[PDB]
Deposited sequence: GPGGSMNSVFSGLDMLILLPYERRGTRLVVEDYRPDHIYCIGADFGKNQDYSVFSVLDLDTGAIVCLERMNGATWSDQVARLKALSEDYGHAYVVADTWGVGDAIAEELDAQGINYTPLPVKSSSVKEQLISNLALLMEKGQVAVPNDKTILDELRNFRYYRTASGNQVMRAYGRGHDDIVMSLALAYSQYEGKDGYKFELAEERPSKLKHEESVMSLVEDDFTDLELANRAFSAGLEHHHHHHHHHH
């Protein structure tokens, strides 16, 4: 019932933990970067995933447990402008996270309106992962969430995606929003 059936293909990257960032590589002006950001006002965990759009590698990841709203946004800003003012991919739906406009943070809106949008984004991430295109810091917390994200049947008979056990899907969504922008041999539509 694992969602990420191609987890055996997930490349693992060595990294240096500096501050709260898991840093694999510093900024490269020759490259374009983007940030998949699962965050919000009332959230136990917020995750920022910096994707290198030329190499397809998560070159930096930032996870924070119970940070204030001013902390998440200030650190999202510093993270974006440390990678060529990378544009953020956030589930803004069009009112709240426009705090990004105030801070002057470039961003692409990704409204997770229906369960199928969430399921599409993640299934895209799972497909790239099974194709050998996803590479993340070699952190066990990342690996555990991917393994723990599973399909569950409903009484109707159809399946839904859920994180039980610890019940965290903030890394999963952070990676999905980032790899949605990734052109390998295909760009993500829908």
Worksheet entry | Non-modelled portions of the deposited polymer sequence, in sequence order | 1 to 6, 100 to 102, 200 to 248
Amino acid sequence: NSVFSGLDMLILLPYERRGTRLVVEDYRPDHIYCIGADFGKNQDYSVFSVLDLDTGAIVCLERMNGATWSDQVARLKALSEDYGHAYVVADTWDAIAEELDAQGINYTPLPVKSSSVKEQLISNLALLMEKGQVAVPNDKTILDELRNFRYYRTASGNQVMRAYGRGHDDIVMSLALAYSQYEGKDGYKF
From here on, numbers count along this sequence of modelled residues.
Discussion item. Regarding 128 to 136 and 34 to 42, which shows the higher C-alpha temperature factor on average in the entry?
Written reply: 34 to 42
Worksheet item: On average, which has the higher Cα B-factor in the deposited entry, 23 to 31 or 55 to 63?
Response: 23 to 31
Worksheet item: Can you tell me which of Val73, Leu79, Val89, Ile105 has the highest Cα temperature factor in the record?
Response: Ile105
